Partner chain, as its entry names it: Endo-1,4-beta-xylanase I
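The chain below stands alone, shown as structure tokens; this is the form solved without the partner chain.
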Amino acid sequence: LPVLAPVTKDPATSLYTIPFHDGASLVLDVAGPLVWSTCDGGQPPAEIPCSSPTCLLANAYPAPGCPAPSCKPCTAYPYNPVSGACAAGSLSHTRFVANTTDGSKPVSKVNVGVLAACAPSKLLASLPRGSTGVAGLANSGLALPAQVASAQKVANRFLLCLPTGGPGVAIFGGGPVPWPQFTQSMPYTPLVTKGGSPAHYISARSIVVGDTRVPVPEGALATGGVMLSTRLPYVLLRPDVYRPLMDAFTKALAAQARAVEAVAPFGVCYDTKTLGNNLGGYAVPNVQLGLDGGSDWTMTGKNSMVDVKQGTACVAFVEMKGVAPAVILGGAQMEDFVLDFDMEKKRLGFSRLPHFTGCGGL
């Protein structure tokens, strides 16, 4: 059966973790191609030649800043998605200890055999305390969903219900989408595979603030132009989309709030004493992404505003700087949606939960 693990949002880092084994957790990285962890001293490396199909899967999506040398055992290159650091590690057999589920509730304890790259302790910098590595949930052969699929003979497909607080849900292997009271009419949009990337991309055709379409330059919103990411809590926007979106949002907010000095990395922040509250969180303009398939991904205050410190909340849209997707949706835009990442039907289901519930404790 599919494998269920509870999801915790780390208060200090805002990253999301699942229990892995023995009190240790892994960070969920939906753009990450590998499962990697520190390993006990003397942990045996798996007997995998570098020429092996399995090794090829391990190095199919190279880590930025690391070699991938010439192919005699297999070396993979675990990548910390927060700090950007990488290092060599040997693949090794390990266990993902969780429960099976026939829907949303645990049935039996299960120990799933998976291959993980054994990383050095220094790669844990910037990860949550108690985390020992990363659970890559990208569309790659040695990502966690693909490995559960092979071990349990279930689907290369996973469900996320990321929490704002309390234990959310991750289910690896499909089955009918749970909570039909909320998900019976779940919209779907295609997952777009991009060459050279294992990440999950979808396509937005329009952006709307309140009821007014945000004008963007010609071709700005293109097939596969929206990436999903659990590395940051906020949205990253390419400059052609950033400016018109932020202008529309701040103008609409000013027509309904007192701006304050920006807190890095954010561009626009407000004094929370001057923000109202409605069912969706802070009373700020609704933002809708019109996706392929005709349904909208909606952002309310809980999605578009981040509490950074007492007295200040910042708009969760941050301009990309430096070196490409128009939009990278982050954690707080995924929170309290049931998301069905289906790499077999090549689609993403996205059910926004009603205001009176949420993923935590679901």
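Shifts are known only where both forms have a C-alpha. The term rigid core refers to the most C-alpha atoms you can superpose between the two forms while keeping them within 1.5 Å. Residue numbers count along the first chain shown, from 1.
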* Can you count, per the entry, how many deposited residues between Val323 and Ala324 come without coordinates? Answer none, 1 to 3, 4 to 9, or 10 or more. => 4 to 9
* Asked: Counting only residues from the deposited sequence, how many are left out of the model between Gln256 and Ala257 (none, 1 to 3, 4 to 9, 10 or more)?
  -> 4 to 9
* Asked: Do the C-alpha atoms of 282-290 or of 166-174 have the higher average B factor in the entry?
  -> 282-290
* Stretch exceeding the other in mean C-alpha B-factor - 270-278, 233-241 -> 270-278
* Quick one: which of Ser90, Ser185, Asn99, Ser203 has the biggest Cα B-factor according to the entry? -> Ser90
* Have a look at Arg157, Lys153, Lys105, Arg129 and flag the one whose Cα has the highest B-factor in the entry. => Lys105
* Hey, what third does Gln333 fall into on Cα B-factor, ranked over its chain? -> lowest
* Structure fact -> For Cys314, the third of its chain by CA B-factor is the middle
* Classify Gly349 as lowest, middle or highest third according to the C-alpha B-factor given in the PDB entry, relative to its own chain. => lowest
* In terms of the chain's CA B-factor thirds, is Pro190 lowest, middle or highest? -> lowest
* **Third of chain Cα B-factors occupied by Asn139** => lowest
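Same protein, other form: the form deposited with the partner chain bound, not shown, and the subject of what follows.
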* Quick one: find which of 157-165, 259-267, 234-242, 126-134 has residues within 4.5 Å of the partner chain in the bound PDB entry by heavy atom distance. => 157-165
* Asked: Tell me, which of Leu279, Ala88, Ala222, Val97 has a heavy atom within 4.5 angstroms of the partner chain in the bound PDB entry?
  -> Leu279
* Contacting member of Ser121, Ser185, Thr274, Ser108, with respect to the partner chain in the bound PDB entry [4.5 Å, heavy atom] -> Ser185
* Asked: Just to confirm, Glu218 within 4.5 Å of the partner chain in the bound PDB entry by heavy atoms?
  -> no
* Might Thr312 be said to contact the partner chain in the bound PDB entry, defining contact as any heavy atom within 4.5 Å? -> no
* Asked: With a 4.5 Å heavy atom cut-off, would you call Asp307 a contact of the partner chain in the bound PDB entry?
  -> yes
* Asked: Should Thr298 be classed as touching the partner chain in the bound PDB entry when contacts are defined as heavy atoms within 4.5 Å?
  -> yes
* Asked: Is every one of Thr38, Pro45 and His93 in contact with the partner chain in the bound PDB entry, taking contact as a heavy atom within 4.5 Å?
  -> no
* **Did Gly42 shift 2 Å or more between the shown form and the other one, C-alpha, core superposed** => yes
* Okay, core lined up, where does the chain shift between the shown form and the other one, counting runs of 3 or more residues with each Cα at least 2 Å away? -> 41-43
